[PDB]
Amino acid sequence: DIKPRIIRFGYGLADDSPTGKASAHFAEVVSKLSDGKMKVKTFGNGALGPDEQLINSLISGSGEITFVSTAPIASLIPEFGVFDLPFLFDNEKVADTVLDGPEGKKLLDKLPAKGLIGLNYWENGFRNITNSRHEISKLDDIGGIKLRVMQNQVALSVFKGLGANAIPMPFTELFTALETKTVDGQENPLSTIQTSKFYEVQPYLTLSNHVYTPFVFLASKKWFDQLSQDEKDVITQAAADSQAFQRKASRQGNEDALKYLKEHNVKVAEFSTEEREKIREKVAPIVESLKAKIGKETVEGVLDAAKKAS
């Protein structure tokens, strides 16, 4: 029971980012599983707007499928803000375990009340600081930097607490803000820095890996609910296949991006062991400060699940 259907899948990252390629993979699997009857059309590079607009399009029904970072979802469901706390996940194995386990599912289960289906989590990844003002290799080097952040109170409060002038902006405005130096820098995974070309306007890169961002792979509930069960199964089966593809592509992409940026002579710094402890000390009270704006039980449950996975 599958009828011909065209499905629009907009997203913010470049079409040749790992997640852009995973979106094309999803399209291919949907076509395969539906004998070519269900056709997914991908619109990358922010062609259908940034995350905030994509979310709204799924709620309204103008769009069917997207992936977005968890951070803009915090404007609908504050508990999703948990992932903007620094150093939550020691590595990607911990992340997968927590996200695919009960603590991840509790959050996904809050989406339908807002008109969204969280099909599963994809990997945005560990975020790294870039800027055009000066090298950042110490906590103090962040003071007064105008740093674009994602658009929720947790991200703004974290970087303000680290001394930055935190400037929330949609991802789709970011390259130009960097190029014109309306902001000094930003922070994102290496493959995004590469495929969105931020290195062309960001001479400095710090391998801070300070935050891990999940993507949520999303379907419009209004749209999903009017699918037949056979068609829903195509979507959920393709989503499971594509998650595995995505995560592998993301992790290979992270390795490839580091190699590329280094070989391109981007200037790369890190936080020494001492500076790392300074950052940990400064973060701990702002993390505690933000539990009330995320949800105490969410923060503590994610932290406990991460400990058990680590």
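Here the rigid core means the biggest group of C-alpha atoms that line up within 1.5 Å when the two forms are laid on top of each other. Residue positions are given as counts along the sequence shown, with the first one as 1.
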Returned stretch for higher CA RMS in 4 other deposited structures of this protein, core superposition, given 263 to 271 and 241 to 249, is 263 to 271
Core-superposed in 4 other deposited structures of this protein, which stretch deviates more in Cα positions, 280 to 288 or 52 to 60? 280 to 288
Ranked by mean Cα B-factor in the entry, 283 to 291 and 297 to 305, top stretch is 283 to 291
Stretch with the higher entry mean CA B-factor, where the candidates are 269 to 277 and 52 to 60: 269 to 277
Using the entry's values, work out which of 123, 84, 90, 100 has the largest Cα B factor. 90
Based on what the PDB entry reports, which of 155, 73, 113, 218 has the top C-alpha B-factor? 113
Which third of the chain does residue 241 land in by C-alpha B-factor: lowest, middle or highest? lowest
Going by the CA temperature factor in the PDB record, which third of the chain does residue 106 belong to: lowest, middle or highest? middle
Modelled-residue ranking by C-alpha temperature factor, third containing residue 230: middle
Third of the chain, ranked by Cα B-factor, where residue 182 sits: highest
Would you mind ranking residue 173 by its C-alpha B-factor against the rest of the chain and naming the third, lowest, middle or highest? middle
